[PDB]
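Structure file work36.txt with compact mmCIF, C-alpha atoms and all ligand atoms:
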```txt
# COMPACT_ATOMS: atom_id res chain seq x y z
CA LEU A 4 31.51 113.98 -125.26
CA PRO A 5 30.34 110.92 -127.35
CA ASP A 6 31.17 111.21 -131.11
CA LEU A 7 28.60 112.00 -133.87
CA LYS A 8 27.07 108.75 -135.23
CA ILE A 9 25.51 108.11 -138.67
CA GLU A 10 23.70 104.77 -139.20
CA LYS A 11 21.64 103.52 -142.16
CA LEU A 12 17.94 103.28 -141.08
CA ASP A 13 16.43 102.32 -144.53
CA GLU A 14 17.17 102.84 -148.31
CA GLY A 15 18.28 106.51 -148.71
CA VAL A 16 17.61 107.23 -144.93
CA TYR A 17 20.29 107.69 -142.21
CA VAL A 18 19.97 108.73 -138.52
CA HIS A 19 22.66 111.13 -137.26
CA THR A 20 23.13 111.28 -133.46
CA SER A 21 24.98 114.11 -131.66
CA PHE A 22 25.30 114.72 -127.91
CA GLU A 23 25.32 117.73 -125.51
CA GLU A 24 25.72 118.26 -121.75
CA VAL A 25 22.41 119.91 -120.57
CA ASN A 26 22.05 121.02 -116.86
CA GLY A 27 19.75 118.61 -114.92
CA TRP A 28 19.52 116.17 -117.91
CA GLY A 29 23.18 115.06 -118.20
CA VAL A 30 24.20 113.76 -121.69
CA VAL A 31 21.26 114.23 -124.11
CA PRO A 32 21.26 112.46 -127.51
CA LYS A 33 19.75 114.24 -130.57
CA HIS A 34 18.64 112.21 -133.64
CA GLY A 35 18.25 113.83 -137.04
CA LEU A 36 18.04 112.22 -140.51
CA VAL A 37 19.92 112.49 -143.79
CA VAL A 38 17.64 111.55 -146.76
CA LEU A 39 19.17 110.77 -150.20
CA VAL A 40 17.16 112.10 -153.21
CA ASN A 41 18.75 111.15 -156.60
CA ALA A 42 22.09 110.63 -154.81
CA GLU A 43 22.02 114.08 -153.04
CA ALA A 44 21.65 114.61 -149.26
CA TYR A 45 18.99 116.53 -147.31
CA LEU A 46 19.73 117.17 -143.58
CA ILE A 47 16.60 116.73 -141.35
CA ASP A 48 17.74 118.87 -138.35
CA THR A 49 21.39 119.95 -137.82
CA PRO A 50 23.53 118.59 -134.96
CA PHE A 51 23.91 120.93 -131.89
CA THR A 52 27.29 122.26 -133.20
CA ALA A 53 29.06 123.55 -136.31
CA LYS A 54 31.68 120.83 -135.54
CA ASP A 55 29.12 117.94 -135.74
CA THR A 56 27.43 119.66 -138.75
CA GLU A 57 30.84 119.82 -140.58
CA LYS A 58 31.47 116.07 -139.77
CA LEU A 59 27.93 115.03 -140.99
CA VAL A 60 28.30 117.09 -144.26
CA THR A 61 31.84 115.72 -144.89
CA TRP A 62 30.76 112.04 -144.38
CA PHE A 63 28.14 112.39 -147.22
CA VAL A 64 30.22 114.80 -149.40
CA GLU A 65 33.36 112.54 -149.29
CA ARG A 66 31.12 109.64 -150.55
CA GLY A 67 29.96 111.79 -153.55
CA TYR A 68 26.59 112.91 -151.97
CA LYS A 69 26.33 116.71 -152.49
CA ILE A 70 24.35 118.39 -149.65
CA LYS A 71 21.18 119.88 -151.30
CA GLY A 72 19.82 121.53 -148.10
CA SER A 73 18.83 121.35 -144.40
CA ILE A 74 15.34 121.68 -142.77
CA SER A 75 15.14 122.54 -139.02
CA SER A 76 12.09 121.08 -137.13
CA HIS A 77 12.13 123.89 -134.51
CA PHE A 78 14.08 126.82 -133.15
CA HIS A 79 16.01 125.04 -130.32
CA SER A 80 19.81 124.72 -130.98
CA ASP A 81 19.51 120.88 -131.13
CA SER A 82 17.66 121.44 -134.50
CA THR A 83 19.34 124.71 -135.67
CA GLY A 84 22.94 124.82 -134.26
CA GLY A 85 24.56 124.20 -137.67
CA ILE A 86 22.52 126.75 -139.71
CA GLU A 87 25.27 129.43 -139.54
CA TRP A 88 27.90 126.88 -140.73
CA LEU A 89 25.58 125.58 -143.50
CA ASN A 90 24.88 129.21 -144.63
CA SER A 91 28.68 130.00 -144.68
CA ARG A 92 29.15 127.09 -147.22
CA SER A 93 26.13 128.28 -149.29
CA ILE A 94 24.05 125.17 -148.46
CA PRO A 95 20.33 126.12 -148.52
CA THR A 96 18.78 126.11 -144.99
CA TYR A 97 14.97 125.74 -144.50
CA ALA A 98 12.77 126.50 -141.46
CA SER A 99 9.11 127.55 -141.00
CA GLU A 100 8.54 131.35 -140.90
CA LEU A 101 7.66 131.04 -137.14
CA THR A 102 10.91 128.97 -136.56
CA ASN A 103 12.81 131.86 -138.27
CA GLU A 104 11.01 134.52 -136.15
CA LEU A 105 11.83 132.61 -132.90
CA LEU A 106 15.46 132.04 -134.06
CA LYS A 107 15.73 135.86 -134.63
CA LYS A 108 14.14 136.78 -131.23
CA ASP A 109 16.69 134.31 -129.62
CA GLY A 110 19.63 136.18 -131.32
CA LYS A 111 20.23 133.24 -133.74
CA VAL A 112 21.12 133.11 -137.47
CA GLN A 113 18.00 132.24 -139.60
CA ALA A 114 17.43 129.68 -142.44
CA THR A 115 17.77 131.35 -145.90
CA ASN A 116 14.48 129.59 -146.94
CA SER A 117 11.12 129.87 -145.03
CA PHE A 118 7.68 128.28 -145.54
CA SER A 119 4.35 129.06 -143.81
CA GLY A 120 1.11 127.07 -143.70
CA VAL A 121 0.48 123.54 -142.54
CA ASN A 122 1.90 121.38 -145.44
CA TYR A 123 5.15 122.23 -147.40
CA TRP A 124 7.09 119.98 -149.81
CA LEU A 125 10.86 120.30 -149.36
CA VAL A 126 11.06 117.73 -152.23
CA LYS A 127 7.63 116.90 -153.73
CA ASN A 128 6.47 113.26 -153.10
CA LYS A 129 9.67 112.61 -150.99
CA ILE A 130 10.10 115.11 -148.10
CA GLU A 131 6.93 116.71 -146.69
CA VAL A 132 6.76 119.04 -143.65
CA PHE A 133 3.60 119.07 -141.47
CA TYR A 134 2.79 121.45 -138.57
CA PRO A 135 0.51 119.49 -136.16
CA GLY A 136 0.05 122.47 -133.77
CA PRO A 137 1.98 123.71 -130.71
CA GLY A 138 3.57 121.08 -128.38
CA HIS A 139 7.26 120.93 -127.29
CA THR A 140 7.43 124.50 -128.82
CA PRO A 141 4.96 126.79 -130.67
CA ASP A 142 6.80 126.13 -134.01
CA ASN A 143 7.52 122.34 -133.91
CA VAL A 144 7.08 120.51 -137.26
CA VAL A 145 7.52 116.91 -138.38
CA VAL A 146 9.01 115.65 -141.64
CA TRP A 147 7.26 112.76 -143.48
CA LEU A 148 9.06 110.47 -146.01
CA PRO A 149 6.01 109.02 -147.90
CA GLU A 150 8.11 106.53 -150.02
CA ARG A 151 9.59 104.79 -146.89
CA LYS A 152 6.66 105.48 -144.47
CA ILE A 153 9.11 107.20 -142.02
CA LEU A 154 8.08 110.12 -139.75
CA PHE A 155 10.82 112.30 -138.24
CA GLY A 156 8.81 113.59 -135.24
CA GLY A 157 11.65 115.69 -133.80
CA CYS A 158 11.28 116.99 -130.23
CA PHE A 159 7.42 116.73 -130.46
CA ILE A 160 7.58 112.88 -130.18
CA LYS A 161 8.12 112.23 -126.43
CA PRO A 162 7.14 108.57 -125.80
CA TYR A 163 8.38 108.18 -122.11
CA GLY A 164 8.47 111.83 -120.86
CA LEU A 165 7.97 115.36 -122.32
CA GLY A 166 11.56 116.50 -121.61
CA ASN A 167 12.34 120.28 -121.43
CA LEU A 168 8.99 122.11 -120.85
CA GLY A 169 10.70 125.57 -121.00
CA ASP A 170 8.97 126.69 -124.30
CA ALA A 171 6.23 123.96 -124.25
CA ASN A 172 2.47 124.49 -124.82
CA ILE A 173 1.07 121.86 -122.41
CA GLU A 174 -2.62 122.91 -123.11
CA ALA A 175 -2.29 122.45 -126.93
CA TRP A 176 0.09 119.45 -127.11
CA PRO A 177 -2.61 116.73 -126.64
CA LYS A 178 -4.75 118.17 -129.51
CA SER A 179 -1.56 118.48 -131.71
CA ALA A 180 -0.61 114.86 -130.80
CA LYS A 181 -4.22 113.75 -131.54
CA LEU A 182 -3.93 115.33 -135.06
CA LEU A 183 -0.37 113.85 -135.60
CA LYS A 184 -1.66 110.35 -134.56
CA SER A 185 -4.60 110.44 -137.14
CA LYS A 186 -2.39 111.69 -140.02
CA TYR A 187 0.61 109.28 -139.55
CA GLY A 188 -1.00 106.14 -138.00
CA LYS A 189 0.36 104.35 -141.16
CA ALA A 190 4.08 105.20 -140.25
CA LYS A 191 6.42 102.11 -140.49
CA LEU A 192 9.09 104.00 -138.39
CA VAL A 193 8.87 107.09 -136.09
CA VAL A 194 12.24 108.84 -135.27
CA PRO A 195 12.10 111.07 -132.13
CA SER A 196 14.87 113.60 -131.28
CA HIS A 197 15.76 112.34 -127.75
CA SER A 198 14.84 108.60 -127.73
CA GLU A 199 15.29 105.70 -130.16
CA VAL A 200 13.45 104.91 -133.45
CA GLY A 201 10.17 103.00 -132.92
CA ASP A 202 6.91 102.36 -134.85
CA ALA A 203 3.47 104.10 -135.07
CA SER A 204 3.00 103.19 -131.32
CA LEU A 205 5.31 106.20 -130.47
CA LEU A 206 2.39 108.45 -131.70
CA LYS A 207 0.01 106.90 -129.08
CA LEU A 208 2.72 106.99 -126.31
CA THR A 209 3.32 110.76 -127.06
CA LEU A 210 -0.47 111.53 -126.93
CA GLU A 211 -0.65 109.65 -123.54
CA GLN A 212 2.45 111.56 -122.27
CA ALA A 213 0.87 114.90 -123.38
CA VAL A 214 -2.56 114.10 -121.73
CA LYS A 215 -0.60 112.98 -118.59
CA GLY A 216 1.63 116.12 -118.47
CA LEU A 217 -1.36 118.52 -118.89
CA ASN A 218 -3.14 116.71 -115.98
CA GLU A 219 -0.36 118.34 -113.85
ZN ZN A 301 13.49 121.60 -128.38
ZN ZN A 302 15.09 118.64 -128.56
```

What do you get writing this file as structure tokens?
Amino acid sequence: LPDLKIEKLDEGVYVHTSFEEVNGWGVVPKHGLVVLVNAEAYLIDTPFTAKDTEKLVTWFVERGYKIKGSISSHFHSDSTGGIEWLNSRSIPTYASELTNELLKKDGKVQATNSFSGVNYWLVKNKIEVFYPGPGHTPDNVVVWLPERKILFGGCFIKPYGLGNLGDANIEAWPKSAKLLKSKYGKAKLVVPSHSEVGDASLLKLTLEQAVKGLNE
């Protein structure tokens, strides 16, 4: 029910927030980013819906910021809902190969661009994608903005609770979170999907939450 929001987080970096009713969670927020590169926009995750995806695209396009592409952090609809809409307007969509395979098994439209392997530059020296290992889902990836020191951790970053465990790898998550912590300890900001922007400390809190969750 709450409207899409778009707020400036840093130079060239915006957080978009969209909202869905999920059984047994109530209203769930979903943060993505929009990164400006040379005055063009990259979507980091789509909103849940084609409607919120249209609104996000229009906000940037009306202000003279052409959409250059989207990258989806994992296969769940809170990352991928707007792929179909983006494809219908010939905006390049990006996902890992495993994210595309899971999208296809789940009867969902796929990104027109895939990458495999651990590191992938969406835009070299500006938008990097890292796979830390399975956690929230087998396919979850994070997006690093080296220039700003900003990690989009997506649905992997779970600083107060692990959320929906439906597709989770509870065995692997702590090791993944271990690896993520070592690599991005130098993060100025960490943006999770389902709770508010924080600092590097969100890496620790997620490790602790993973260790804790595995213990049961
Ligand atoms: Zn998810
Ligand atoms: Zn999520």

Q: Please write out the residues within 12 Å of ligand ZN 302 (chain A) as an MDAnalysis selection string, counting only C-alpha atoms and all ligand atoms.
A: chainID A and resid 20:23 25 28 31:35 48:51 75:84 138:140 143:144 156:161 165:171 195:198

Q: Kindly give the distance, in Å, that separates atom CA of residue A:39 and atom CA of residue A:15, rounded to a single decimal.
A: 4.6 Å

Mind running stretch 96-168 of chain A against stretch 40-46 of chain A at 12 Å and telling me each contacting residue's nearest atom pair with the distance in Å (one decimal), counting all atoms listed in the file, chain and number ascending, as CSV?
```
residue,atom,partner,partner_atom,distance
A:96,CA,A:46,CA,9.1
A:97,CA,A:46,CA,9.8
A:98,CA,A:46,CA,11.8
A:125,CA,A:45,CA,9.2
A:126,CA,A:40,CA,8.4
A:127,CA,A:40,CA,10.7
A:128,CA,A:40,CA,10.8
A:129,CA,A:40,CA,7.8
A:130,CA,A:45,CA,9.0
A:146,CA,A:46,CA,11.0
A:148,CA,A:40,CA,11.0
A:150,CA,A:40,CA,11.1
A:155,CA,A:46,CA,11.5
```

Q) Hey, which of A:38, A:121, A:60, A:200 ends up closest to residue A:101? Count all atoms listed in the file. A)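 Closest to residue A:101, using all atoms listed in the file: A:121.
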
Q) Which is closest to residue A:186 among A:92, A:152, A:71, A:108, if we use all atoms listed in the file? A)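 The closest residue to residue A:186 is A:152.
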
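The nearest approach to ligand ZN 301 (chain A) among the residues A:142, A:211, A:174, A:100, with all atoms listed in the file taken into account, belongs to A:142.
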
Q | Distance criterion (only C-alpha atoms and all ligand atoms): nearest to ligand ZN 301 (chain A) out of A:59, A:90, A:102, A:66 | A | A:102

Q) In Å to one decimal, how far is atom CA of residue A:199 from atom CA of residue A:163? A)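 According to the coordinates, atom CA of residue A:163 and atom CA of residue A:199 are separated by 10.9 Å.
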
**Q.** Atomic distance atom CA of residue A:73 - atom CA of residue A:94, expressed in Å with one decimal
**A.** 7.6 Å
